[PDB]
Structures are given as structure tokens and as C-alpha cells.
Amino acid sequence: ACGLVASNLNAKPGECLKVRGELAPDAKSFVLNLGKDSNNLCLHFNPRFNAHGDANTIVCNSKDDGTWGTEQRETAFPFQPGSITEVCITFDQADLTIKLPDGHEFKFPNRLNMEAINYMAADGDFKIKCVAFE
């Protein structure tokens, strides 16, 4: 139900998205989205504690005119229910780089070579403490 949605960003390559949130003690999933609008996402970042058949797996994807792209799963899962977590994301026209709080990083392709991000959303089983993209 509850969530954060912002359509008033003006983020560009070289800037860093930093999101901090407090994970519910029974957290099943949370989502961070970046893009142009809800139907056009260069990144959907979805740690699944236990959701949609995945356990302790991050699912990433893109969304183009409402259509989900090819999923990319990551096994690094430094997320503890009931605690604060921080995720940082940088990007350029080739890839987004996701930096997890244990020092794991991975790339997700910038499939539509998006160079301006004006939309973000954060929702699921956590309460927001910080969103910065600067």
C-alpha cells in the first residue's frame, strides 16, 4: 500500500542514488525503481527475502512501455530484516552499478541508454530514512 514515488528528480550520470530504509522484522520484499515514469524503468531493483518463489535473492529488471525485460538475479543478499540498510546506485549510458552495503557490486545494463532519470520509487517492506540522488 504505502510507498514513495518521485517524478521530480533530475539525476544524471556521475550522481549517486543513496537509499536508506528500515526493513520490517518480517520483510518479504522491497523495491527501488529508477527511470522516466512508472512504465519506463532503467532499473527495477527488488531484493526478495521470500517473494514470488525467490528466497534471499535480488531480482533486477528493466521496464519498457509497460513491458518487463529479461530478469537478472543476484545471490548477494546483505539484508537483515528488522535493521537499516543502505543501497547506492551510480550510472552511465552503458550500465547502472549497484553497490551493496557489504561491498558487493554488480552491473545492470542500461538497456535504453537512459541519460536522465526523473523518476524513482521505493516501496515494499521498509520505512524510508533517506533518498538522495546527487
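Sequential numbering from 1, following the sequence displayed.
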According to the deposited entry, which of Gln93, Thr97, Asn33, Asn61 has the largest Cα B-factor? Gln93
B-factor third for the C-alpha atom of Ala122 within its chain: lowest
Among the modelled residues of this chain, does the Cα B factor of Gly66 put it in the lowest, middle or highest third? highest
For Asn50, the third of its chain by CA B-factor is the middle
Could you tell me which third, lowest, middle or highest, the C-alpha B-factor of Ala132 occupies within its chain? highest
Of the three thirds of its chain by CA temperature factor, lowest, middle or highest, which one includes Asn39? highest
